[PDB]
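Take a look at this one chain, the form deposited in one PDB entry, written out in structure tokens.
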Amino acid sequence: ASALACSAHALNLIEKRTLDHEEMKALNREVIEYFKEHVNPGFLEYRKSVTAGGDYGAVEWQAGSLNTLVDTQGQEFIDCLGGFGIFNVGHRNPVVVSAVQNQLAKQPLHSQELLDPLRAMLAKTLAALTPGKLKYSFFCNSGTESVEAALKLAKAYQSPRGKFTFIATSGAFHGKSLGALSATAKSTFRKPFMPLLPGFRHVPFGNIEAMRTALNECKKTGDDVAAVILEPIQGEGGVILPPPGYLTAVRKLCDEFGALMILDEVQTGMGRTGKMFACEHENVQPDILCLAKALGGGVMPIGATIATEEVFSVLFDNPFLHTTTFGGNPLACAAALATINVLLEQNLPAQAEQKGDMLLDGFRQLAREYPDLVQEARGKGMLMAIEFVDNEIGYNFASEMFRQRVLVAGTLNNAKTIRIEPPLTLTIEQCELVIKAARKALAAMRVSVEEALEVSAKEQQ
């Protein structure tokens, strides 16, 4: 068809709230054809590996309740994926939806010349919400943009001081824009795109001595380290918790060598680990803090890079040194201001702690019961993972859970590991249903394995 015809057919679909069997069958059939012909036929192959065929062709339609998703066939899913840590305050949180709706009625995007007042308000808010000397905020549209901004603040601070080297950690995930991907550590994500930014070096996560070595060797050779960047807990790494005091030691180590400390709280921020930021567990103040995902309330894309006056002041003489067109737009600021208001009003950080403790205990118990399938369960607050024995078992679990209308998925920088990242608003009853679904899934998986194994050993001579 013409573009006009397709743009029309699609606006008509946006208005529709419901689909009869025929409208559903037609839309499902279209979305699969169009993913294949215009988006990525690879996404259809992946979703098959993590489903029992026919289930891969599930099409999102609307939010059910705070903690559920409904497909085009009316099937309601409990959300333990949380859009990879976006939906901290649930799906269509009425307070966030309200703030966005209200700003949409006045001015959704700004001129970038007149002072936009929600930018000023969210910056003031984030300054009050953040620890210590974190004071200035730069707004962008994603995690990867927030990391680019951080790397850039560090570069501008440190190049006149003669420092250009950056240290990241293996298993680390900081985004996929080429500046961010220089810090991202997974080989398969980096190799095609090399050469990446020069002067990026990786040490093991949670190993302070390896990091000391790297900083010291860089100092010896005249390749002095501008910054260390790390996640307080590695998400895509498979929920990798550092040894206690590690973050505090990295801060002293950065202080000693005159390197800037960059904390990537894109995925651990906005209450998910049981505090507003995972750096609050140790009362660690980085030089630069990166936020996205949940900051937009599961309604708007937004990122934020917050830094000390000492570091951020690099942008004061020429405020156009770093810019973006959409960053700090009124819809996004409204969504973030709502999200902070919701998390604080309802003490959802405290809820994440209680519910995470409850869920992790549940999973650790299933791990004890199914060591043939599960290596270990880890977490902190509502950031959790189950590591299975091998990759194919992890995929069978994702499918079994999906069959039972519970939504989980794999981690990026870690195969065979399933993230459990539900909304902080997940109810105690849903928490219990999740554990029962997990149990039913593991029992079904054990049968599959035992069956196969008989149907194999038969082969001999």
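Think of the rigid core as the biggest set of C-alphas that the two forms share within 1.5 Å after superposition. Note that residue numbering begins at 1 and tracks the sequence as displayed.
Greater mean Cα temperature factor according to the PDB record, 322-330 or 146-154
Higher mean C-alpha B-factor: 322-330.
Which has higher Cα B-factors on average according to the PDB entry: 16-24 or 433-441?
Mean CA B-factor is higher for 16-24.
Identify, among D361, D287, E209, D264, the residue whose C-alpha carries the highest B-factor in the deposited PDB entry.
Top of the list by C-alpha B-factor: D361.
Looking at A398, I428, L66, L424, which has the highest CA B-factor as recorded?
The listed residue with the largest C-alpha B-factor is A398.
Could you tell me which third, lowest, middle or highest, the C-alpha B-factor of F388 occupies within its chain?
Within its chain, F388 is a highest-third residue by C-alpha B-factor, going by the deposited values.
Within this chain's modelled residues, let me know which third the CA B factor of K191 belongs to: lowest, middle or highest.
It belongs to the middle third of the chain when residues are ordered by C-alpha B-factor.
Where does the C-alpha B-factor of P371 rank in its chain, lowest, middle or highest third?
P371: CA B-factor falls in the highest third of its chain.
Of the three thirds of its chain by CA temperature factor, lowest, middle or highest, which one includes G296?
Lowest third of the chain for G296's C-alpha B-factor.
Split into thirds by Cα B-factor across the chain's modelled residues, where does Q73 land: lowest, middle or highest?
For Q73, the deposited C-alpha B-factor lands in the highest third.
Beyond the structure shown, there is the form deposited in another entry, which is absent from this document and is the topic of what follows.
Please name the one residue from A52, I32, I435, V70 with a C-alpha displacement of 2 Å or more between the shown form and the other one, using the rigid core for the superposition.
Single hit from the list, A52.
CA of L412, rigid core aligned, shift of 2 Å or more between the shown form and the other one:
The answer is yes; the displacement is at least 2 Å.
Can you confirm the direction of the Cα distance change for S170 and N414 in the other entry, closer or farther than in this form, given it is 3 Å or more?
So the answer is farther.
Could you tell me whether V50 and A437 have their C-alpha atoms closer or farther apart in the other entry than in the shown form, knowing the shift is 3 angstroms or more?
Their C-alpha distance grows by at least 3 Å in the other entry.
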